[PDB]
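Encoded as structure tokens, the following chain is the form solved without its partner chain, with no partner shown.
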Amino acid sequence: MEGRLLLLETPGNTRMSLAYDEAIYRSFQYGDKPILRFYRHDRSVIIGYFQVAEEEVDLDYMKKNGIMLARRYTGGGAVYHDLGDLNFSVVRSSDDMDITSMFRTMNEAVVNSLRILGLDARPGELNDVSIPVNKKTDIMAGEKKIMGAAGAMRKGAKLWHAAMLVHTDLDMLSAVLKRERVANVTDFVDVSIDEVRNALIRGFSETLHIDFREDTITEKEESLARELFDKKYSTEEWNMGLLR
């Protein structure tokens, strides 16, 4: 089976990057080719859909440090991204609403990918959605979280997306989110972000049985993305939850 590998990123605009994920997920039709997207953001805090920003992040210190606030479409908690974090998202056809198995399946593909790099990791084991590390959506190199993920599901389609800490600033990450339990892939093995990407293309290909081939977004996906940015992701009402 053939998939679309999208190397699509706007690191200088996190809000547009998130628009892209929502656009690709929302224009997907059951039966389409599965999509693996790789991207980075520059200094950004991304809060979950249901989160109150001021409760989750130090907004004053974000301004001061030129950190972008963005709200994403999925749930889950707040995360700091910079160019040392590799993001990737998967949108595929879905026959069920089994979100637990989606995470488990994607986590397996991650674990297999990291093995290629010589890094031993496992999905966390705890069901407690509010803890910093060791959740079933986290990937743990032993005691250290090296990756988090969130997901959404609807009739016909499912979205999973992750941020892996490759060479992120772990001190800013802790300061922004209002440290001892996170680590970088490079804390373990000497790899570049491109070697990590390549390991993940291979691990997801082998694990999911998909031949991912480089592709670009369609005009329909683009246009939806631009529309979502224009009407939603670029606004303060969306990002900060302001009413009017």
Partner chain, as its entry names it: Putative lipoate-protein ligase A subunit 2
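Superpose the two forms; the largest set of C-alphas matching within 1.5 Å is the rigid core. Residue numbers count along the first chain shown, from 1. Only residues modelled in both forms are compared.
Another form, the form deposited with its partner chain bound, is not on view; read the next lines as being about it.
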Counting only non-hydrogen atoms, which stretch in 108 to 116, 123 to 131, 165 to 173, 80 to 88 is within 4.5 Å of its partner chain in the entry with it bound? 123 to 131
Is it true that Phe50, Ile99 and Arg244, all three, sit within 4.5 Å of its partner chain in the entry with it bound, judged by heavy atoms? yes
Hey, in the entry with it bound, does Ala152 get a heavy atom within 4.5 angstroms of its partner chain? yes
Residue contact check: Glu55 to its partner chain in the entry with it bound, 4.5 Å heavy atom: yes
Mark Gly75 yes when one of its heavy atoms lies within 4.5 Å of a heavy atom of its partner chain in the entry with it bound, and no otherwise. yes
Compare C-alpha positions between the shown form and the other one after fitting on the rigid core and state which of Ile116, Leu126, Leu83, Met153 moves by at least 2 angstroms. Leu126
Where the chain shifts between the shown form and the other one once the rigid core is fitted, runs of at least 3 with Cα moving 2 Å or more: 124 to 133, 241 to 244
